[PDB]
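Each chain gets a letter, A, B and so on, in the order its sequence line appears, and its residues count up from 1. Below, each value reflects all heavy atoms present in this structure, side chains not excepted, and no hydrogens, waters or symmetry copies.
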Amino acid sequence: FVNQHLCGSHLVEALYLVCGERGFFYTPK
Amino acid sequence: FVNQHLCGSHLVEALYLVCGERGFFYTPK
Amino acid sequence: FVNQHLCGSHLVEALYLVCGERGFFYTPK
Amino acid sequence: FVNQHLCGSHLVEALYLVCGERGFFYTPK
Amino acid sequence: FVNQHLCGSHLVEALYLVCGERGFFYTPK
Amino acid sequence: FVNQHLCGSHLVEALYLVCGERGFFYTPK
Amino acid sequence: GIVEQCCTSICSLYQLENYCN
Amino acid sequence: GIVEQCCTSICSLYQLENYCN
Amino acid sequence: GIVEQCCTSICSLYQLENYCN
Amino acid sequence: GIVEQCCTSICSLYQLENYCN
Amino acid sequence: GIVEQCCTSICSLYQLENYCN
Amino acid sequence: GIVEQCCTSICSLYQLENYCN
Ligand SMILES: *C(=O)CCCCCCCCCCCCC
Ligand SMILES: *C(=O)CCCCCCCCCCCCC
Ligand SMILES: *C(=O)CCCCCCCCCCCCC
Ligand SMILES: [Cl-]
Ligand SMILES: [Cl-]
Ligand SMILES: [Zn+2]
Ligand SMILES: [Zn+2]
């Protein structure tokens with residue numbers, strides 16, 4: 001599902017910004 | 001350190017693509 | 001100054017996410 | 001509307017490039 | 001087709017990462 | 001050289017938008 | 001506004017330029 | 001997970017923050 | 001071309017590599 | 001301006017909010 | 001090349017067009 | 001960490017894979 005792939009790319013950029021020094025795991029599944 | 005912040009933005013984009021369904025972990029320094 | 005140009009590209013991405021429906025203003029130096 | 005959110009992210013990057021030294025307001029609503 | 005425009009933007013970023021020192025042509029048509 | 005790698009990521013995004021249906025060529029140094 | 005114009009149809013750089021200062 | 005929550009509906013920065021460490 | 005192949009289905013990095021120089 | 005403030009140090013999300021409309 | 005030209009100074013949109021096909 | 005490894009030199013795709021889960 002390409003639109004899902006594209007959405008995930010923006011998700012990870014947003015987590016990078018929100019989480020800051022905290023870091024994050026990205027766990028799609 | 002802004003340059004580290006800009007590098008990390010590109011690193012998470014790359015991890016998203018490299019890691020696929022595994023996802024990834026990002027922790028800044 | 002290219003490094004300022006690269007910083008600003010990330011700043012507008014961040015403003016888009018932070019500011020939501022308010023939108024934002026970007027003026028370079 | 002997530003696809004609208006994703007489109008806006010690319011819009012702001014394109015305005016950053018086109019407007020250059022002029023700057024811009026991003027006014028979604 | 002805006003979704004096509006958005007997809008292409010992510011395509012070119014992925015080619016940049018995969019191709020590395022090799023470079024690439026982006027030939028949509 | 002990481003800073004060159006970050007610059008090039010922004011250059012291909014800009015070429016994608018500037019060049020339209022012509023596409024573009026990217027070759028790193 | 002820019003979202004109704006340019007998320008319903010592709011805006012060229014020349015159309016986007018209308019939104020600059 | 002984050003894709004089902006935030007690709008079906010817009011997540012604000014406050015909702016995204018739930019996924020941070 | 002790359003848009004018909006990789007905007008209709010997800011292309012992995014290995015499939016994208018076909019488009020490199 | 002935002003460049004002088006947020007390209008010389010990392011701005012927090014609340015600092016960035018000063019450039020919202 | 002584009003890196004030497006446009007990573008050492010900001011290239012205008014018309015300078016970038018030299019790297020279109 | 002990834003910042004110390006991959007912001008001081010360019011990491012290959014296989015080096016980046018060390019930060020997958
Ligand atoms: C925490 O805020 C900083 C810790 C890591 C800093 C990395 C410094 C690396 C070299 C960058 C030099 C840039 C310009 C002289
Ligand atoms: C206009 O073109 C430039 C005005 C602002 C320039 C900012 C300089 C800030 C410090 C960056 C140093 C980078 C490497 C030594
Ligand atoms: C190959 O790996 C490098 C060849 C081109 C290198 C460009 C160096 C340009 C000036 C950047 C200086 C950055 C900080 C002092
Ligand atoms: Cl950058
Ligand atoms: Cl997208
Ligand atoms: Zn996108
Ligand atoms: Zn960057």
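- Side-chain contact between F/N3 and C/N3 is present, with at least one heavy-atom pair separated by less than 4.5 Å.
- Residues F/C7 and C/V2 share a closest heavy-atom pair of SG-CG1, 4.2 Å.
- Of residues 9-29 of chain F, those residues lying under 4.5 Å from chain C by any heavy-atom pair are F/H10.
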